[PDB]
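Top line first, the protein sequences correspond to chains A and B.
The first sequence lines up with residues 67 to 108, 121 to 482 when you count with PDB author numbering.
The second sequence lines up with residues 69 to 109, 121 to 482 when you count with PDB author numbering.
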Amino acid sequence: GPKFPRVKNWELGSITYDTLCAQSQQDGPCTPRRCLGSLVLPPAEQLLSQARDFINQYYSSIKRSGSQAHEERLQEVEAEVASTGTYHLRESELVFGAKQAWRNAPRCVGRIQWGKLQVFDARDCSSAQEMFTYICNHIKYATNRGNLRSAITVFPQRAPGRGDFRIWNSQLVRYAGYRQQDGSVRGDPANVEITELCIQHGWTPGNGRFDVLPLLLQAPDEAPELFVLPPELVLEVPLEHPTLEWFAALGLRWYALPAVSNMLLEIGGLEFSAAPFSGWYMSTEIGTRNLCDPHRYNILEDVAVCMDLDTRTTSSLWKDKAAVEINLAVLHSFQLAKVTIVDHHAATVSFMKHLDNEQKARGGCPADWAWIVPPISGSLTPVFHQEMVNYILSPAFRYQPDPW
Amino acid sequence: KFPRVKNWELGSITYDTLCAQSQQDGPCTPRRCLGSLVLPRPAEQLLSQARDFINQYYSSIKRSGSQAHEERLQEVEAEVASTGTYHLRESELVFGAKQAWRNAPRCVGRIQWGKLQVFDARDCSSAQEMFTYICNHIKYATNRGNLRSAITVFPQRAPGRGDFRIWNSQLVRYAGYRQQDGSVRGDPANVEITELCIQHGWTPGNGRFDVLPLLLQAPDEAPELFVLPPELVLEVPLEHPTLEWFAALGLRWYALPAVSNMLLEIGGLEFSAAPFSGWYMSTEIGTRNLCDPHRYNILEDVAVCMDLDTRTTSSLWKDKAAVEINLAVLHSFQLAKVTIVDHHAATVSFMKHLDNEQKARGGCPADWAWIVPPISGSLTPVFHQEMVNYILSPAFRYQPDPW
Ligand code: HEM
Ligand code: HEM
Ligand SMILES: Cc1cc(N)nc(CCc2cncc(CCc3cc(C)nc(N)c3)c2)c1
Ligand SMILES: Cc1cc(N)nc(CCc2cncc(CCc3cc(C)nc(N)c3)c2)c1
Ligand SMILES: C[C@H](O)[C@H](O)[C@H]1CNc2nc(N)[nH]c(=O)c2N1
Ligand SMILES: C[C@H](O)[C@H](O)[C@H]1CNc2nc(N)[nH]c(=O)c2N1
Ligand SMILES: [Zn+2]
């Protein structure tokens, strides 16, 4: 009947219809001819319509839709655009947009927490040194000695004919990856390029597998400046296994704070090129992807050898067994150290609760199935059996190309 | 126009040009992706699908634009112009069947696509005859545990009349008996088909692993019930390589995965009954069939036997039991000398298939959500591989349940 996508859960037999997708003003990469769902990378008039839409979202969310203050704010926005080509958000408009951008993020499984975000307003920042102060404050607040708190710091928006604020690092905490004489990599192969950029800009590098990178921070029309994070600020967790005693001997570790720093936060047509945001980890991020991806730390074989598994044949499931233990090491070590973490079962249960909340509140929830389903034990989690509709809503976080 | 397709593990890139051959729209639009949805929500027409297919066939035998190609195009035209339909030659049917498998985006086993035994059952005129054909197929495919891909093709759909149909979703399925207490003994996925069998006269067993009888339907007739001779249905008792108590769970599975409810479309003609079989990938049994909450749902039972801490999600007791259940499937099939493939071997060979199809055809339609296995996703190479999904013809299609 209903003229909207029907959405089914195949575990429970239950059906909903996504009406929220009607609100989408931006096209994805799919067409009736072909689905491109699995691809990782997909003027005054334009801005004004995006701005009007954002302001309407803001006044709806406070239930003052159509009211005098709403119409006056609309008028204020177009007058400002009419005379400068841009406009500026009020403090509470920014807080709302930031939460909404997180709420709208299709690839994030942690969205049950969306209303609980500390928005640090840093739109007064005017130097790379001050970005560093702001960032250090973010890290201290967010880390909270292991009791992690979601946060985002917002630096000044893109301006006509003026350079961007950029953090060059993809996260505020990353391990160095050192290209070796034998072609191999010591540390994190993901970070080879950023490591080499740091050295070029005068960083004296280490030679470990877990050297915390410095930050490369760029203020408008300036070369980026290098800043070392004081080690007492970067909380890390040494990895041990609850029953396999040798696991600690591997000297594996990971940091507490997952903090994305290279994404663009778009709100009502305004673009915040530097707006680092953080939460807490889902255990599979560390245990499965970071430690077991072949193009990352690639430790599966080492761990299976320690576990004395038959690594010569696929059908011993040595890969699956070792990956489980590594993931269990991640959970146990964070729990022991009292650093917030969530396992993939609890995270996905909570995402299902979030889907239900959003069905009631907005009549849908944009979600990217391939990213929501965890990289181990997929169908053991409830999200695997849940159909999802993926579409772009604004405010949004958006990928941006590296500035170098 | 042509999408770039990247492997994120290796950094390699291709471009899919094959997708331009799609003539059938899927469920997505620029406004929203519906790629995760399980189901989709005239003379000149048939003639053009028929032409294109015949063109595909003569192309495949490198006789494109020859005399035989010309005269065959004319036969099809002449037949459609007079009767509103036409008929395939056996070799064309064989080609079209292999192509529908090749073109199937949810299938991880497509490296095998050229190795398919095709039984022509288009001279079938009764449920009885359907049954004999089905028994031949099973015996052939099973081959004492050395499984061989096969398909049997029953008579095409005709505008005048009802369809030949196999009511069962697979040739071999375990019954699900709805109990007094609303629980299900056996397989919850097969409650409805079990009740239909009983209603049409089947005396039911009471076990967890009772092989269902077949309900076969010839055009515009009530379906008929046929019991498969137990000697034809190969089964594998499940035991564990080290965990001695597992064998006592009394668990088992059938050797032969044989889809019997899909429609095969070739050159515009529709084959409403066309059962096909290969061999299992171990996650289908070990993860989905035994571990789904709405299936046999044995996870907790296994975890408790393993004496795991089931009180909390963070002990990863589900992940651990799931791995052992999969191991037990692999080991038991190996022990019983019945063909099986694990999810690492299958996805590695699927990657090879992708490369083969890239050179052969300029692409390969693939549904990522179905190609990536249900456990240990990112541990297989397919996780890190971008995929383009689209509908090519010949094709297997979903069709409504006949009741
Ligand atoms: C509160 C705890 C959180 C958890 C457990 C969580 C979980 C996750 C996970 C597992 C992913 C996929 C990441 C990957 O596989 O690389 C993700 C993606 C994402 N999340 Fe969260 N998240 C949390 C908080 C946040 C916050 C605070 C924000 C921003 C305000 C956010 C926004 C995003 C965005 C934009 C993506 C997509 C990133 C990309 O495409 O690179 N999440 N989340
Ligand atoms: C040779 C061994 C084969 C293996 C290991 C294999 C593997 C698989 C797997 C794991 C699936 C997904 C099943 C699920 O999750 O329900 C699948 C789907 C499928 N396969 Fe295969 N396959 C094989 C042979 C075949 C053959 C012989 C055909 C037809 C001639 C075929 C056509 C299909 C089709 C049409 C689907 C999608 C069915 C649906 O949407 O329900 N495959 N395959
Ligand atoms: C706030 C937050 C919390 C959390 N638990 N995880 C994250 C994920 C961070 C993360 C880690 N590794 C990789 C990525 C993906 C980076 C990335 C790369 C490309 C090519 N396209 C994208 N859209 C995104 C993101 C963020
Ligand atoms: C030939 C073959 C070989 C193999 N190894 N596995 C299979 C899996 C068959 C199979 C088993 N259970 C369930 C399904 C899916 C059934 C199915 C159900 C619905 C609602 N829509 C669809 N498109 C498909 C398929 C087939
Ligand atoms: C090719 C595929 O789109 C890609 O590997 C995706 C799949 N799903 C993912 N899901 C999450 N959460 N994170 C990822 O990096 C990926 N990678
Ligand atoms: C909703 C979701 O698309 C659905 O659960 C799919 C996911 N991937 C799958 N993949 C395979 N191979 N088989 C399946 O049944 C499913 N189920
Ligand atoms: Zn799509």
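We put the CB at the ideal spot given by N, CA and C, even for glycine.
Test: B/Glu318 CB closer than 8 Å to a CB of chain A: What you label residue 318 of chain B is simply residue 239 of the second sequence in a count that begins at 1. Output row for B/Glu318: interface = no.
8 Å Cβ cutoff, B/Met466 in contact with chain A: By 1-based counting over the second sequence, the position of residue 466 of chain B is 387. Yes - at least one Cβ of chain A is within 8 Å of the one on B/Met466.
Per DSSP, which residues does A/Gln92 bridge with? Please list them. Locating residue 92 of chain A in the first sequence gives position 26, counting from the first residue. Answer is A/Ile470.
To the nearest angstrom, how far is the alpha carbon of A/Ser356 from that of B/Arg244? Position 278 of the first sequence, counted from the start, is the residue given in the question as residue 356 of chain A. Position 165 of the second sequence, counted from the start, is the residue given in the question as residue 244 of chain B. Approximately 56 Å between the Cα atoms of the pair.
Between B/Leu291 and B/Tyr253, what straight-line distance do the alpha-carbon atoms span, to the nearest angstrom? Here residue 291 of chain B refers to the residue found at position 212 when the second sequence is read from its first residue. Here residue 253 of chain B refers to the residue found at position 174 when the second sequence is read from its first residue. Using only the alpha carbons, I get a separation of about 6 Å.
Is it true that the segment 406-416 of chain B meets the segment 468-479 of chain A, where meeting means three or more beta-carbon pairs spaced less than 8 Å apart? no
With a CB to CB cut of under 7 Å and the five nearest residues on each side skipped, what residues in its chain are close to A/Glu171? Your numbering for residue 171 of chain A matches position 93 in the first sequence. Counting only Cβ-Cβ distances below 7 Å, and skipping sequence neighbours, we find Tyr136.
Considering only residues of the segment 274-342 of chain B, which uninterrupted alpha helix (DSSP H) runs meet the minimum length of 4 residues and lie entirely inside it, listed in chain order? none
Identify the contact partners of B/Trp332 in chain A, using a Cβ-Cβ distance below 7 Å as the criterion. In the second sequence, the residue the question calls residue 332 of chain B occupies position 253. Simply none; closest approach about 16 Å.
Could you check what DSSP says for B/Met430 in three-state terms: helix, strand or coil? Mapped onto the second sequence, residue 430 of chain B falls at position 351. Helix.
Among residues of its own chain, excluding the 5 on either side of B/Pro453, which ones have a beta-carbon nearer than 7 Å to its beta-carbon? Against the second sequence, residue 453 of chain B aligns to sequence position 374. Closer than 7 Å at Cβ, skipping near neighbours: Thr362, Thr366 and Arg367.
A/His373 burial status per 10 Å Cβ neighbour count (16 or more: buried): Numbered from its first residue, the first sequence carries residue 373 of chain A at position 295. A/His373 should be labelled exposed.
Quick check on the DSSP output: the beta strand (DSSP E) that includes A/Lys74 runs from which residue to which? If you number the first sequence from 1, residue 74 of chain A lands on position 8. Where A/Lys74 is concerned, the enclosing beta strand (DSSP E) stretches over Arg72 to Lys74.
So, for A/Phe350: in the same chain, excluding its five sequence neighbours on each side, which residues have a beta-carbon less than 6 Å away from its beta-carbon? Locating residue 350 of chain A in the first sequence gives position 272, counting from the first residue. Hits under 6 Å: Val232, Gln235 and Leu343.
Integer-rounded CB distance, given that A/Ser248 should sit under 8 Å from A/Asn340: Along the first sequence, one-based indexing puts residue 340 of chain A at 262. Along the first sequence, one-based indexing puts residue 248 of chain A at 170. Yes, A/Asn340 and A/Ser248 are in contact; Cβ-Cβ is about 4 Å, under 8 Å.
Which first and last residues belong to the alpha helix (DSSP H) in which B/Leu406 is found? By one-based count along the second sequence, residue 406 of chain B stands at place 327. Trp396 to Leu414 is the span of the alpha helix (DSSP H), which, as asked, contains B/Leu406.
Pull up the distance between the alpha-carbon of B/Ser104 and that of A/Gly346, whole angstroms please. Residue numbering aside, residue 104 of chain B sits at position 36 when the second sequence is read from its first letter. Residue numbering aside, residue 346 of chain A sits at position 268 when the first sequence is read from its first letter. Spanning the two alpha carbons is a distance of roughly 30 Å.
What I want to know is whether the C-beta of B/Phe429 ends up closer than 7 Å to one or more non-hydrogen atoms of ligand 5. To locate residue 429 of chain B, count along the second sequence from 1; it is residue 350. No.
Let me know if A/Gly261 comes out buried or exposed under the rule of 16 or more other beta-carbons within 10 Å of its beta-carbon. Here residue 261 of chain A refers to the residue found at position 183 of the first sequence. Result: exposed.
Straight-line Cα distance separating B/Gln191 from B/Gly175: Position 96 of the second sequence, counted from the first residue, corresponds to residue 175 of chain B. Position 112 of the second sequence, counted from the first residue, corresponds to residue 191 of chain B. Those two C-alpha atoms are separated by around 15 Å.
Measure from the C-beta of B/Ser472 to each C-beta in chain A and report whether the shortest distance is under 8 Å. One-based indexing of the second sequence puts residue 472 of chain B at position 393. Chain A contact via Cβ: absent.
Looking at the structure shown, is B/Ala229 part of a helix, part of a strand, or coil, going by DSSP? The residue given as residue 229 of chain B occupies position 150 in the second sequence. Strand at B/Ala229.
In this structure, does DSSP put A/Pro267 in helix, strand or coil? Here residue 267 of chain A refers to the residue found at position 189 when the first sequence is read from its first residue. Reduced to three states, the DSSP call for A/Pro267 is helix.
Restricting to Cα atoms, I'd like to know which of B/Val251, B/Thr164, B/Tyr219 and B/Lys69 is closest to B/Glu123. Residue 123 of chain B sits at position 44 when you count from the first residue of the second sequence. Residue B/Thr164 is the option with its Cα nearest to B/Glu123.
Establish whether the CB of B/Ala448 and some CB of chain A are separated by less than 8 Å. Within the second sequence, the letter at position 369 stands for residue 448 of chain B. Yes, its Cβ sits closer than 8 Å to a Cβ of chain A.
Beta carbons nearer than 8 Å to chain B: which residues of the segment 259-284 of chain A have them? none
When A/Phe305, A/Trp358, A/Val461 and A/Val417 are compared against A/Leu195, the one with the closest alpha-carbon: Taking the first residue of the first sequence as 1, we reach residue 195 of chain A at position 117. Ranking A/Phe305, A/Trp358, A/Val461 and A/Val417 by Cα distance to A/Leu195 puts A/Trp358 first.
Per DSSP, B/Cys101 forms a beta bridge with which residues? Reading the second sequence from its first residue, position 33 is the one you call residue 101 of chain B. Partner(s): A/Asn468.
Restricting to Cα atoms, I'd like to know which of A/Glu271, A/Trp281, A/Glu379 and A/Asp371 is closest to B/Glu77. To locate residue 77 of chain B, count along the second sequence from 1; it is residue 9. Closest option to B/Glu77, Cα to Cα, is A/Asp371.
In its own chain, which residues sit with a C-beta less than 7 Å from the C-beta of B/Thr85, not counting the 5 before and 5 after it? The count along the second sequence starts at 1 and reaches residue 85 of chain B at position 17. Result list for B/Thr85: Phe70, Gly441 and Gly442, in chain order.
Any Cβ of chain B within less than 8 Å of the Cβ of A/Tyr469? Within the first sequence, the letter at position 391 stands for residue 469 of chain A. Yes, A/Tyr469 counts as interfacial toward chain B.
Going residue by residue through the segment 126-157 of chain A, where are the continuous alpha helix (DSSP H) segments of at least 4 residues, counting only ones entirely within it? none
Closer than 7 Å between the C-beta and any heavy atom of ligand 6: which residues qualify, listed along the chain? For ligand 6, the selected residues are A/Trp76, A/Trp447, A/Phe462, A/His463, A/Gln464, A/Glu465, B/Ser104, B/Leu105, B/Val106, B/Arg185, B/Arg367, B/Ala448, B/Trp449 and B/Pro453.
Please name the residue in B/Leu433, B/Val461, B/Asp388 and B/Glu274 whose C-alpha comes closest to that of A/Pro320. Reading the first sequence from its first residue, position 242 is the one you call residue 320 of chain A. Comparing Cα positions, the closest option is B/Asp388.
Shorter than 8 Å from the beta carbon of B/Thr85 to some beta carbon of chain A? Mapped onto the second sequence, residue 85 of chain B falls at position 17. Chain A contact via Cβ: absent.
Go ahead and label B/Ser455 buried or exposed: buried means 16 or more other beta carbons lie within 10 angstroms of its beta carbon, across all protein chains shown. What you label residue 455 of chain B is simply residue 376 of the second sequence in a count that begins at 1. Classification of B/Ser455: buried, given that the 10 Å Cβ count is 16 or more.
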